[PDB]
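These protein sequence lines are chains A and B, in that order.
Just so you know, the first sequence maps onto residues 18 to 595, 651 to 737 in the deposited numbering.
Just so you know, the second sequence maps onto residues 18 to 596, 651 to 733 in the deposited numbering.
Ideal placement from N, C-alpha and C gives every residue a C-beta, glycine not left out.
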Amino acid sequence: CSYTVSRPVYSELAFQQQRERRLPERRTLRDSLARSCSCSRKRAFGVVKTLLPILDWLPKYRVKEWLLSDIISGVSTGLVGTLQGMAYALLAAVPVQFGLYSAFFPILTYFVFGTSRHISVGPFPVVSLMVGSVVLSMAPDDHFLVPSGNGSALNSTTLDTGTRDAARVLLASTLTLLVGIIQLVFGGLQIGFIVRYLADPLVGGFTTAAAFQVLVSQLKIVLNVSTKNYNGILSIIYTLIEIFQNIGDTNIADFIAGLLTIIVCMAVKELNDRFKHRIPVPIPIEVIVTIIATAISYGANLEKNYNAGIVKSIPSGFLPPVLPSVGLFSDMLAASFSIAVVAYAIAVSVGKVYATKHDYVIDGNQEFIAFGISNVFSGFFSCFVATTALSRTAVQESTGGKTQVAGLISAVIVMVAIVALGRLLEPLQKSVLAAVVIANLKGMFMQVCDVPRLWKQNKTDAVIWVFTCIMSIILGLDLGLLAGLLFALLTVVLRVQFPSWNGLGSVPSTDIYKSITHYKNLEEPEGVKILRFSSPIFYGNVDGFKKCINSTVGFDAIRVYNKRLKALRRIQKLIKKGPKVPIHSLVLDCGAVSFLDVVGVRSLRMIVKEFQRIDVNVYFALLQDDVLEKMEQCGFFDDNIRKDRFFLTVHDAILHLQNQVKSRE
Amino acid sequence: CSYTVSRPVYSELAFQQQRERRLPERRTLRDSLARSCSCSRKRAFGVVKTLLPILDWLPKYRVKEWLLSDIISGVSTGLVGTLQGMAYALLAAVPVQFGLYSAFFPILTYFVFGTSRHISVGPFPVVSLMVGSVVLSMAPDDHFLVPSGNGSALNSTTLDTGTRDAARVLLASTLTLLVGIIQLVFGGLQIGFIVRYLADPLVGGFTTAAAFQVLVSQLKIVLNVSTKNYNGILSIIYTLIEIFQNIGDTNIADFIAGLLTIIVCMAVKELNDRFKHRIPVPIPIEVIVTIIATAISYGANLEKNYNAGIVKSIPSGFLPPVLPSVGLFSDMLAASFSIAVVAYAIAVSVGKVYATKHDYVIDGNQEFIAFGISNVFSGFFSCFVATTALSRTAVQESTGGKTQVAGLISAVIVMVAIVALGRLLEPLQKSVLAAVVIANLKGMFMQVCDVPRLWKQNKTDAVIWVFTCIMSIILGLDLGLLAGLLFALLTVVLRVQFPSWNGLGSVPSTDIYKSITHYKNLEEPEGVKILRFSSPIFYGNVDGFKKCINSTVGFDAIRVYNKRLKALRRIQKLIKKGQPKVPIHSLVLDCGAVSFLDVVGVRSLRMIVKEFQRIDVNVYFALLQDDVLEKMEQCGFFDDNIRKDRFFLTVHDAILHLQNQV
């Protein structure tokens, strides 16, 4: 239809006179905290069901086919998880048994406190890399070597194989306990807005840099070289240079086997991902490649005849729980916070993906509490921080998963592979386990293809991705996240400090105002210059507003007044002996403002007063109600600056100006 | 007065089909790189005029209240400048001989280059310890340590003199020159937007603990409490408790001397403010309490008969310029960057605290090159850094003062005090001049009265003011402004992340849409609701924008879809076996106050439209003027079905569209 209205010009005061405002509710802090404290059984049952979601999906089971679905998904997920754990155990500088330990206890702890259905809690390459890095920084290799072995010239300060692994495991357990404590603190205090700052490009660049560092570390492990655990600034570049300079001390057989298994696994994964319509169940290439590697490595003495690198350090048993060594929290609090926040970000991402894929809800604070409790329980049993891997979660989702019971069954596989099974994997080469990690890096390596897409989009979003990826390589990986979040906040501040001001004008015989820099056939009021200023004025962008006003009016309220004062004294001396031509009004269309930052309202009142001396009226067009209520308390409506200066709509100001010009020449 | 705005409802595609756009100018730098100043002499004369801020106020001052006012004010800050030069020089582990030069030469080059009044360039308390820190690190205390002097048992390892202090001044001279050239090279690329981040409560909360820092630094000299040097964290607390712990060895004669002078100097100060209409010219009590103190000290010998503490070490005569060591600039370069940044912060912070009481707003780019060449001019003469003390700028502004010429005449007082008035201020008790800074310090101590004022105006800046005040006490003045600057920017990103979202509603028989939580007797369209976020949808408020919708519509778009298919699968199996939705039709997001969008926002906003589309509830939008509209279509917001027809120019056009549709 059509749009036509008829109403008087209610600028600021003609609207608030016949409009009874809504009185705010009484605070009553005592009764507020008293009423908020729930005591009925309904709220108690609700918070119990929320805190322990296990009692929710259990009574409504569909055992009939869910039993078989969960048992097959559980055996598949258990195989995949024990393989990923025995692969990532090298990234934590701990023996291979602790990876399987951390692949068993966190699942049992999440089964009774989790709220998702497809999230496979377990090891993660990025988290394991960060744990290994902080362990090497806190416990280097050259800090445990013992002189023994009757050396030739000096004391035989060989490796400390033995008690060194116990110290590393205790350090990892303390780190996991601190991470769990930090996560529980973030969850219980309802502080969950801190993880909102991890933007999608930021986390993408961080995952890309972490995958690059994981590739570097796995190539170091495959080549079987001896580095000096370079950590700190340019650690990845320095260790890559050291690898390139230490090529001579490699293993040709291990390198050939690693390249072969890498090619095979990549080809099989690509074939399964591309031709999915012909094979419904993904072929567990990891399982078969591990089986064939253990079979080939057992036939011949690859440890003696080829000098390969195997584990051969599997005790095949459990251990009583050990209390963590408290006292190292002050020097690892930042690392624990970084690990916790990156793990929570990755977990929330995976959960949202697999939830919008299956159309169910996942709570954030509940997942935070669940991961915190899981890490706390793992810290008491010599385990590292657990997360959800994209590759491990994809297998459980492809095999068919409904509830966390498949995860409970997934622990049974690791369970039987810890107590009795496991010693058969003795001659397995470490390069084989170090290869599947590289093969799983294809997902995060293809994330670089977004920069050509993001560059065509908003350019500031692409700068954050490149900055996060590059900075997380120079000053390590842990400090790179802190340098990325601050950079993202600074980029946000830059977008609100430099707004997009225009020359808003009116279309002929209309009421809507559009910009003049993007249109040609627009009419402007005679003398009146309209200006719109988004990105509300604060202490940092007030000079920007001054410059924008000076540019849109053509002159300066200071220089014109100084010239007027200089010409005024010339008149008083001549009688004793014997610029602002086109500008008529200035309508500020501050309709996109949210806050005011009274430090800036001072300069706004200063501008209004300065333009009054040069007889140039400066009005307002579309100020919000809350903004005006805030400016009223900030001391802006004095005896001269009344409410008639403000307006409700942009057209009302122009209409009032036209009426005043017609009625007063 | 009524007005006829009869016009059919216009959407985006219905408004761009009859109008025309404008070709945006790319403005490539391959041919437009010489458009700033090629041959026009007007632009050349402009940059020279701004480069020399001497042709602006000097040919413009009025001599009515200029001659007598600035002279009596110059000697006031000139006397204080002499004490700071004689005090801060000892703390820098260098001989106390060049303190007077740092207040004479840098003022001359700043008198012509630099437009910032009420500032006395010279040494600063917290910057003198930083110089003494880097000197003792890269230079041992004993250079040669000649073991001679026929000691008790072994050779008397006497500390070498003459050559030791000469190298210390040479090292300090190279440091000031290295900071100067670094201070000047920053002005090349014109980084002057950093001063815009220093808010009035930021500099107000900063120049209130520094007034407390300069209070405790002047309290240990007025009480003669030998305390150790402390810097970094808890510097003010450790020095405060040391005075109270070492209060025993306090000069009783010097205590009653300073206590009697601090009262009489502040009493006459407020008396001049009360009788300012009677006596036109303010009485310079600073020069009065100075000459009477030398009389009671020289006529009674307060040093050798009362042990009160005097200067008694005033040098005489200038020194020729000495060339620095270029081969040592590489070592000080790693440490001068930290000192150069904190110097410029304190230098401009004392200019903004006085910019609120007088309309003298300055620019950071001009002050960066002004103080830059001043420290360069400070070089080659073995001077100190060209900072500005907080005590000298207070005694000049509170006790009169019109322009920067008060610093020029102050150097003249220092000029005659070194060549002809050296023996004059010899018995100065170092108390009447170390406590006179406390009298003029009330101008900054009374600045804490804005806490109840700012709290009633806006809660955010009130927290910023008290935060920077308490943080500068613990983390010191060095990291205090740095931590407060990040906290000030944090309040900007928080206010833009959690806006004041409210549901809007029209007024009867009109098209004005205002908030319903602040007004009454409003009405809402049956089945159509209005939501105004009034904030940009960036990566931080992505879920906050979702929580704003589900809390306003009553339901949650996520839980109504899974329960819909749950009931759908429930009734489906019953057919083979045998047999809370709000009536709101659509919602119009009044997201007109958005200023920018990101890739996370355009993706999340697309998911919201697709989410409500599956629930048979449409979602419409509001005015996206120039940027937030073109950015969405560039990020791939319209793929197959979502079109620009769902948008609207005005909020009322959205209501009229849903009205005639049903």
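(Q) List, in chain order, every chain B residue whose beta-carbon is nearer than 9 angstroms to that of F394 of chain A. (A) By Cβ distance, chain B contributes nothing, its closest Cβ being about 29 angstroms from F394 of chain A, past 9 angstroms.
message = Spatial neighbours of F572 of chain A within its chain, please: C-beta separation below 8 angstroms, excluding the five flanking residues on both sides.
response = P651, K652, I655
| Do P142 of chain A and the ligand SAM come close, with the Cβ less than 7 angstroms from some heavy atom? | The ligand SAM is absent from the structure shown, which contains no ligand whatsoever.
>> Let me confirm a value: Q262 of chain A is counted as buried when at least 16 other C-beta atoms fall within 10 Å, else exposed. Which label applies?
In response: exposed
Inset, instruction - Specify whether the stretch 347 to 365 of chain B and the stretch 325 to 334 of chain B touch according to this definition: at least 3 beta carbon pairs, one from each stretch, less than 8 angstroms apart. - result: no
Exercise for the section: Count the CB pairs spanning the stretch 437 to 457 of chain A and the stretch 122 to 133 of chain A that are closer than 8 angstroms, and state whether there are at least three. Expected result: no
*asked:* Below 8 angstroms on C-beta distance, what does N579 of chain B contact in chain C?
replied: Looking at the structure shown, chain C is missing, and the protein chains on hand are A and B.
**OP:** Kindly list the residues whose CB is nearer than 8 angstroms to the CB of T267 of chain A, restricted to its own chain and excluding five residues on each side of it in sequence; keep chain order.
**Re:** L240, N241, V242
- Task: Starting from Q235 of chain A, find everything on chain B with Cβ-Cβ shorter than 7 angstroms and list it in chain order.
- Result: Correct list: empty, because the minimum Cβ distance to chain B is about 31 angstroms.
Residue from A:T410, A:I566, A:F718, A:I199 with nearest C-alpha to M349 of chain A:
A:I199
task = Report yes or no: is there a C-beta of chain A within less than 8 angstroms of the C-beta of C466 of chain B?
result = no
**Prompt:** Applying the criterion that 16 or more other CB atoms from any shown protein chain within 10 Å of the CB defines a buried residue, is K531 of chain B buried or exposed?
**Reply:** buried
Query raised in the report: Does the Cβ of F719 of chain A have 16 or more other Cβ atoms within 10 Å, making it buried, or fewer, making it exposed?
Result: buried
* Asked: At what residues does the beta strand (DSSP E) containing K593 of chain B begin and finish?
  -> No beta strand (DSSP E) contains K593 of chain B, which is instead part of the alpha helix (DSSP H) from 576 to 594.
Query raised in the report: What separation, rounded to the nearest whole angstrom, lies between the Cα atoms of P299 of chain B and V480 of chain A?
Result: 59 angstroms
Under 9 angstroms from the C-beta of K702 of chain B: neighbouring residues of chain A: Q474, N475
- Pairwise C-alpha distance: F141 of chain B and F223 of chain B: 15 angstroms
Show which residues of chain B have a CB atom less than 7 angstroms away from the CB atom of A216 of chain A.
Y556, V671
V339 of chain B to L176 of chain B span [Cα, whole Å]
25 angstroms
Problem set entry | Proximal residues of chain A, C-beta to C-beta of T534 of chain B below 8 angstroms | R39
(message) Give me the DSSP bridge partner(s) of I547 of chain A.
(response) A:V659
Does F709 of chain B have its Cβ less than 8 angstroms from a Cβ in chain A?
-> no
| message | Against chain A, does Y20 of chain B count as a neighbour if the rule is that its beta carbon must be under 8 angstroms from one of theirs? | response | yes
Q.
How far does the alpha helix (DSSP H) with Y255 of chain B in it extend, from its first residue to its last?
A. 252 to 262
Straight-line gap, residue 596 of chain A to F515 of chain A (C-alpha atoms, nearest Å)
Residue 596 of chain A falls within a stretch that is absent from the model, since chain A runs 595 to 651 with no residues between.
Euclidean distance between Cα positions of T45 of chain A and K374 of chain B: 40 angstroms
| message | Below 8 angstroms on C-beta distance, what does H723 of chain B contact in chain A? | response | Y20, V22
Original post:
Expressed to the nearest angstrom, what Euclidean distance is found between the alpha-carbon atoms of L75 of chain B and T278 of chain B?
Top reply: 36 angstroms
| query | For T67 of chain B, which residues of its own chain have a beta-carbon under 7 angstroms away from its beta-carbon, when the five flanking residues on both sides are left out? | reply | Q383
Please confirm if the stretch 130 to 144 of chain A is in contact with the stretch 106 to 119 of chain A, defined as three or more CB-CB distances below 8 angstroms between the two stretches. yes
Quiz item: Does DSSP put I327 of chain A in a helix, a strand or coil?
Solution: strand
Note down the Cα distance separating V722 of chain B from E42 of chain B, rounded to an integer number of angstroms.
-> 32 angstroms
Would you mind working out which of A:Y20, A:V673, A:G418, A:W482 sits nearest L85 of chain A, comparing C-alpha positions? A:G418
Where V186 of chain A and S399 of chain A are concerned, what is the direct C-alpha to C-alpha distance, given to the nearest angstrom?
6 angstroms
Inset, instruction - Give, in chain order, every residue of the stretch 492 to 516 of chain A whose Cβ lies closer than 7 angstroms to some Cβ of chain B. - result: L506, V509, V510, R512, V513, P516
Quiz item: Which of the three DSSP states, helix, strand or coil, is assigned to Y536 of chain B?
Solution: strand
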